[PDB]
Amino acid sequence: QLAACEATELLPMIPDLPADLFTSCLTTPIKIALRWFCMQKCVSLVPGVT
Amino acid sequence: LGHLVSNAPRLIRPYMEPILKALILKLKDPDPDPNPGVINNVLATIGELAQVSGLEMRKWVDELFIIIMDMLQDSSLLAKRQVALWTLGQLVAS
Amino acid sequence: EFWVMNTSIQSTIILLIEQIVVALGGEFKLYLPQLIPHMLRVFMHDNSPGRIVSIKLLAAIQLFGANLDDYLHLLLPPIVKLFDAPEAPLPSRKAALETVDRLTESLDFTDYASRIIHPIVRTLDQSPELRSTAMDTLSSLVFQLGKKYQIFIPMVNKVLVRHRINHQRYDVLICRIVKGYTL
Amino acid sequence: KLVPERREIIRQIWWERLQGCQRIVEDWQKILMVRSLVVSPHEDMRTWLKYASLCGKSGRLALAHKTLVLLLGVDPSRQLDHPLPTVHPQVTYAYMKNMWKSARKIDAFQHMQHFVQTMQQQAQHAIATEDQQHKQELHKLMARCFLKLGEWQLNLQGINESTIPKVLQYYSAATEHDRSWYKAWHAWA
Amino acid sequence: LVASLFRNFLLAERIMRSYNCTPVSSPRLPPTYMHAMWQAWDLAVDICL
């Protein structure tokens, strides 16, 4: 089994991530891996990447 | 950051712009005057950052040059002029 | 705007943060760095009777969870400076130890093995009052580090034999590390 | 001597640095001597030419000759017979303006004609498409040659009837090879 | 397919963490979010874009 979330928790509603977040990780890793890279404070030191 | 630049140059040469902006923007602020050592150690770093970069850091030299020469005259931003003159020398060298 | 070094407002504002963090959850990570300058200014100096302002703020920091990731290196030093310093009134000191215990359950501490361990070791010597508390911090810190702890075992052992200290949790984990099989 | 990447950089700086400095020969000698610790003159050509030029404008024409004959690689004071080598072309050109300034004037002119006969051969034959920067600088040279030929020819013969078709054939050929260059047009005019 | 899912699930565990989720798996894995080979990926990506 594989399950997005713990029994307590609610999934994120955050406008720039997809609603499919656990599926998208599971089956399009590179696409969200790159988009999630872009949302961090890590990108402060890669200027000219939107 | 000074040490990390000088010692591991291969790491820094891609992240030159970000580091250098963050450093320049220390020198431009009005309220890091309560500690002299921030301004000193920022300038010391720019010296070493200059050393590593070389021509890569050409376009930023005019910006720094104004800043540094403005510090040299009127020591209210009282860096040890030893450090400012050293950096100036380093920019022009590199 | 309305943070000042006065018990009056600070209490309430900190209770506000407590409710914001739980509201936003993952989203709070963005707004955290606007507040860190004030937080570090609270620990650094505080006139509060029995340092209770800083206790409440510790009790706030307990709730940040994974938000605190990118800013632990800022925020962990002044926490440590409470549980090491002789002057500090015992209740505050306890909260700081128990705080590091909470944070262990939802962050990584492998960078800060040396920052945390040496002061725990120091606290075990100087003050006998927090020997149970500090052991329950260390035990969990060991649990989180795993075999990365193997360096420190002997060094720490040399205070553990000195004052004859026994925790199930600690002893279990050390024996478990040396033999190699964690739950 | 330490940093093997900062080298091209440093030579450029050494060049730029030098041109602010005062144009007196001993000063340059000192400063050059310093660079001679780690740069042979088979590398920093455009300083050593400029060095020779400074000697020429201060009347140390023997000193200048010595510098250029060092750069050329072989001697044309000794052989007054054979043709001046072109393999370092800007250098050769420098040899002749020195040569003229030291009054082998008729022989300077004589060589310069061979120079451009050979140099334009080194364009129209030897222009394979890739060497089109080489021929670009070589044209900005040829026009500097052609223009000298005219200027000299008048100081030799004079402005009358027979000489004028030639000199205009020269300057007009200069202005053809170096479209933009001020002096070629101002000459021709 | 299972191997592909669990490989990728490691990425989910790392991301969803930063938004107060924790994913769950029936063969229960250990926590891999802190594991230092991620900071290699981070650099690898950084350079590569």
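Numbers in chain D come straight from Swiss-Prot, and the residues shown are 1606-1794, in order.
If you check the header, you will see the structure was determined by electron microscopy, 3.8 Å.
Every residue gets a Cβ built from N, Cα and C, even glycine.
Swiss-Prot annotations:
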- D:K1662, D:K1702, D:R1749: 1D-myo-inositol hexakisphosphate binding site (BINDING)
- D:1615-1649: repeat 'TPR 9' (REPEAT)
- D:1650-1693: repeat 'TPR 10' (REPEAT)
- D:1694-1731: repeat 'TPR 11' (REPEAT)
- D:1732-1786: repeat 'TPR 12' (REPEAT)
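Mapped onto this structure are the features recorded in Swiss-Prot.
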residue : record                                        : DSSP class
D:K1662 : 1D-myo-inositol hexakisphosphate binding site : helix
D:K1702 : 1D-myo-inositol hexakisphosphate binding site : helix
D:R1749 : 1D-myo-inositol hexakisphosphate binding site : helix
Taking the Cβ of D:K1662 (1D-myo-inositol hexakisphosphate binding site) as the centre, how many other Cβ atoms fall within a 10 Å radius?
-> 11
Which chain-mates of D:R1749 (1D-myo-inositol hexakisphosphate binding site) that are at least 6 residues away have a CB under 8 A from its CB, listed by sequence?
-> D:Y1698, D:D1783
Can you name the binding-site residues among D:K1662, D:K1702, D:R1749 whose Cβ is less than 8 Å from some Cβ in chain A?
-> none
Tally of helix, strand and coil residues over the repeat 'TPR 10' (D:1650-1693) according to DSSP?
-> 25 helix, 0 strand, 19 coil
For the 1D-myo-inositol hexakisphosphate binding residues given in the record (D:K1662, D:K1702, D:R1749), what is the largest pairwise C-alpha separation in angstrom?
-> 18
